[PDB]
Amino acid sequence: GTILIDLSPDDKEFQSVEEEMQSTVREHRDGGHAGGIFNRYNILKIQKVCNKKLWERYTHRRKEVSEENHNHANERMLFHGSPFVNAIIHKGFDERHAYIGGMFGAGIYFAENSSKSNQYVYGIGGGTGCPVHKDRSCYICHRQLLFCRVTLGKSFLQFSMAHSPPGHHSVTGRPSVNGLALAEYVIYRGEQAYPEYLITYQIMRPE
């Protein structure tokens, strides 16, 4: 049921998605080990992911969360990087996309920093890098991230598939050391995220 619509680079919607991608790059404490050394990306394509059944699955669950939280879905747009992006865009998020060893338990993880999600495109810790060159910092191979609509509801604040903490719909990992890191988030129901945009890109070698 999924169809992909290409956005023109002249479209305001392409431009605002690119800006979120580029402006949320940061340096990582691994010095680029997992995701590569770069300060910006070359955006190659931005596609809208359209699937009626998966959308309705998302909005059904969003209403349930909203009704449990004074009519407030607490909806965000967040990045997700995964070796399973093709499964996700066709069949939705489910328990097979959960980070089983994540620091906030077995759930599906999302990031404000695009560069954090970039660290997972080739797997946990960057795996062995790109399939073709076995390079986690490959500047040639095309990568894909998802920019996702995510329902947080009442989020458990952690300063720093399972179930949400009792009385909560998600977990927030608040950075408590790296002053420049943005928040990361975990949901425990695949129906709480819709993979809105598929972004194809390369990391760029700093000059």
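Only the largest set of C-alpha atoms that superpose within 1.5 Å between the two forms is called the rigid core. Position 1 is the first residue in the sequence shown; the rest follow in order.
Annotation: of the segments 194 to 202 and 180 to 188, 180 to 188 departs further from this form in 9 other deposited structures of this protein (C-alpha atoms, root mean square over structures and residues, core superposition). Two stretches, 42 to 50 and 167 to 175, are weighed by how far their CA atoms sit from the shown form in 9 other deposited structures of this protein after rigid core superposition; the farther one is 167 to 175.
Annotation: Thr151 does not belong to the positions left without coordinates in a third of the other compared entries; each one with flanking residues models it.
Among other deposited entries of this protein with both flanking residues present, at least a third omit coordinates for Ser160. Count the deposited residues lacking coordinates between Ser160 and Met161 and you get 1 to 3 of them. As recorded in the PDB entry, 85 to 93 is the stretch of 85 to 93 and 107 to 115 with the greater mean C-alpha temperature factor. Between 146 to 154 and 43 to 51, the higher mean Cα B-factor belongs to 43 to 51. When the C-alpha B-factors of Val132, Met77, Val121, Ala73 are read from the PDB record, the largest value belongs to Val132. Highest C-alpha temperature factor among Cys141, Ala181, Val171, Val65 per the entry: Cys141. Among the modelled residues of its chain, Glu13 has a C-alpha B-factor that falls in the highest third, as given in the PDB entry.
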